[PDB]
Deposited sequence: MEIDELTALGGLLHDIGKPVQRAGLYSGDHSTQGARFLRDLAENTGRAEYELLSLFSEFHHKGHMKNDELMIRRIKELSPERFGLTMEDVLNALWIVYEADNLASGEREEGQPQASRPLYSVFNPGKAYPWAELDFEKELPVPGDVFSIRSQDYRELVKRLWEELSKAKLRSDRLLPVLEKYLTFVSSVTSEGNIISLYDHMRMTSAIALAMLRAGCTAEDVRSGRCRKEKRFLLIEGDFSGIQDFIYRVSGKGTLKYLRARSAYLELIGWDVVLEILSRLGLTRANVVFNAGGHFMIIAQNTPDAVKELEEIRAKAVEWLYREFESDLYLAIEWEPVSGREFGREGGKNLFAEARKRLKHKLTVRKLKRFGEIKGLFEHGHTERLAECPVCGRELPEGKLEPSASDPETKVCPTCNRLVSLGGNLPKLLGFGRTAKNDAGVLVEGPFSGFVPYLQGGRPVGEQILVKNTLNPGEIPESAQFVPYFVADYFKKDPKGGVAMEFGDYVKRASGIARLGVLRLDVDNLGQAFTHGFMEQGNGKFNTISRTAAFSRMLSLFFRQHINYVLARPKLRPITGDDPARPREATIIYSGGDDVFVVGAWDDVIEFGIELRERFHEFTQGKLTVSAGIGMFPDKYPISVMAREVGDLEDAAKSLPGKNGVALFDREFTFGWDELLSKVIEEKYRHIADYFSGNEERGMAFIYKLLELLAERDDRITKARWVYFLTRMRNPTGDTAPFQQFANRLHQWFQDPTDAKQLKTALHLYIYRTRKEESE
């Protein structure tokens, strides 16, 4: 076993004893039960490398440590006694830099509610924060049962170990204090990320005991961010199908993964070093060495060069890095060092962005390939990442060709990106497994929705400063991604809100997501499903975040040959109107700019004014079209049922009741006419 695998896997598995001990498997602390576990794993199956990795749990110089490394005889794995010792000290420091066994993981949005334990990657039914229900020993026993089975089967490799730990430890508290918001998965990968970085920075056991890795700028915080996305995605003509736009959006995800995996490859890191990769905006923990810097400088130049030659200024990737000490991953309490670091890095990226300078495409050959991919997306299981002009390459990024992995075909590549599953399954043993998750929902006018989280920046930096360490930032980012890449699927598949449309058979929405990720959604479909979807999505989000974040939205309606370019800008402007309301939390309903609170649109506009008109004009002779049109144009001169007219009259005073009413009348027209 190689020293870099030793360190990265040791960092992942150093804390494996915690569910073991919470299940009561053996006896002693988690350090003791974790080592016994991995040793049982080694001896039960035959993979001796689980023995050597049991040492990392056994900590977390002493006679006993030395004697123990000697018993293990690391030479049979091709390591020296000194090697294992340096790794054990490195992981020990990585864990430092990154009370009652029944406490669950508390919610990031309210440290008063908490998740019951659940396994990921199965009917992902919005595990949201309920009241404090301590976790049973027997829950952990079922956890350890699945853990053992999947650990038994998985390659002893970061790309295969990571997804097993994510599957089962995402809703396990890392430290059972109350109010703890860091999952055990988040802590393990952060430990692994920082330990591998320390190894690549050359940190030794001497640097660790001296405290030099806490003090000195041994790490880089790398941050990348695309700009120009709206022009890259939505600048297409009338020709340009919905399929074509979905491929366009999926292509940009590939372009960002190409850069990320090139950085990990070139610097010698693991997917664990990816703090997050959300909306074409990523953060990576790396070593601060001269070599790594000049790798980064070359990757950046290449990616920027490729982007400009492929699409000129239509799409720009800004990459920056910030040297930081291990101490700057954390707060030091009244220091807020990590927050300071993030804001220097944000300022550089800001600066880097100022330096940025076909019938469908504008500029087509890449447009031909996106149509092809557009056709294939219902059966696409993922993408093989390979040499640019290898066989099967459909589209290219700055560094690689991507081969579509289809339901029939055979996966091909050195990295295989696999869609919406943590199970590597089909792929070859040699391949680097890279799971990615996307909201891939797919069913007189059509409806277009843009929803976007209000003030997302401020929450990461201050918000509700509970996220001012690297691990809490990873925990916050991940929860958010869980909403926008998975939970939004369920809302489209199993909706419950149909005030406009009828309940009748519970039916999926007539809609397709063009993109959902980071903190933004772009959705099209039948115009009333799209309205009901925006509201129901906002309410799920409101319950998911316990009201600590809000969202604003735009819903436009459009004829059929309408250019997508104009559609996107027009709804963005409606979203602008909703953002520019004080307090943001709102929605511009239709291509005008009267704007409503979320709870007032549903309860007042929809379920008070609108169905007042709808109930009392149902299948009625004298067409409500006649009545509403002239009413859209004194009160008893204008003269319905006395009780019908009078409720209308009291609404037409001067309040906000008048303007909601007009939107409600507008709704009747669009629903009923023709």
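*Asks:* Residue ranges with no C-alpha coordinates, please: along the deposited sequence, counted from 1, in order.
*Replies:* Missing CA coords at 61 to 66, 105 to 112, 372 to 388, 395 to 412, 493 to 513, 535 to 539, 709 to 721, 728 to 737, 773 to 776.
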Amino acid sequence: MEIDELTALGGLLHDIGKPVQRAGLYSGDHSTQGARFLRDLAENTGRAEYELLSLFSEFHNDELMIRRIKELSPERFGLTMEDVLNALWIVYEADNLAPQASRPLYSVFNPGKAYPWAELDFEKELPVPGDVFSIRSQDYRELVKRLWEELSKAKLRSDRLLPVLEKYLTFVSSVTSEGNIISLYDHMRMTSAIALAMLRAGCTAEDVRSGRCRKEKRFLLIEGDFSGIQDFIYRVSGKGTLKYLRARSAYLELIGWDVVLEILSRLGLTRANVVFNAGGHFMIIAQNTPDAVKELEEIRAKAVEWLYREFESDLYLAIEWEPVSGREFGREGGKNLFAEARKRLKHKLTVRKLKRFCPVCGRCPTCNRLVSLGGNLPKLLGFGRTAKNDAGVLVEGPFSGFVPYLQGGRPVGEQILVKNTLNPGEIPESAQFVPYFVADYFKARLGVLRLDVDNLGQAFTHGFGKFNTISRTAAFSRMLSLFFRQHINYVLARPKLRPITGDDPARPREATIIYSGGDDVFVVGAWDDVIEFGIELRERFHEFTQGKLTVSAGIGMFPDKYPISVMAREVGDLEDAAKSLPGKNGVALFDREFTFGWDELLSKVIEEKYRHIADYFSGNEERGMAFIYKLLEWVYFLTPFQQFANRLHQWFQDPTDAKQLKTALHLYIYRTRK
From here on, numbers count along this sequence of modelled residues.
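*Asks:* Per the PDB record, is the mean Cα temperature factor higher over 114 to 122 or over 176 to 184?
*Replies:* Taking the mean B-factor of the alpha carbons in each, 114 to 122 is higher.
*Asks:* Would you mind comparing 416 to 424 and 545 to 553 for me and telling me which has the higher average C-alpha temperature factor in the entry?
*Replies:* Mean CA B-factor is higher for 545 to 553.
*Asks:* Among the candidates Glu49, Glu608, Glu43, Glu58, give the one with the maximum CA B-factor reported in the record.
*Replies:* Of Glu49, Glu608, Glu43, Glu58, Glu608 has the highest C-alpha B-factor.
*Asks:* Name the residue from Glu396, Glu328, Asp390, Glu312 with the greatest C-alpha temperature factor listed in the entry.
*Replies:* Largest recorded C-alpha B-factor: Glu312.
*Asks:* If you rank every modelled residue in this chain by C-alpha B factor, which third holds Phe627: lowest, middle or highest?
*Replies:* Ranked within chain, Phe627 CA B lands in the highest tercile.
*Asks:* Classify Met1 as lowest, middle or highest third according to the C-alpha B-factor given in the PDB entry, relative to its own chain.
*Replies:* Within its chain, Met1 is a lowest-third residue by C-alpha B-factor, going by the deposited values.
*Asks:* Would you check the entry's CA temperature factor for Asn288 and let me know if it's in the chain's lowest, middle or highest third?
*Replies:* Its C-alpha B-factor, which the entry lists for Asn288, ranks in the lowest third among residues of this chain.
*Asks:* Looking at the temperature factor on the CA atom of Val635, which third of the chain's modelled residues does it land in?
*Replies:* Tercile = highest for this residue's CA B-factor.
*Asks:* Taking the entry's C-alpha B-factors for this chain, is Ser471 in the lowest, middle or highest third?
*Replies:* Lowest third.
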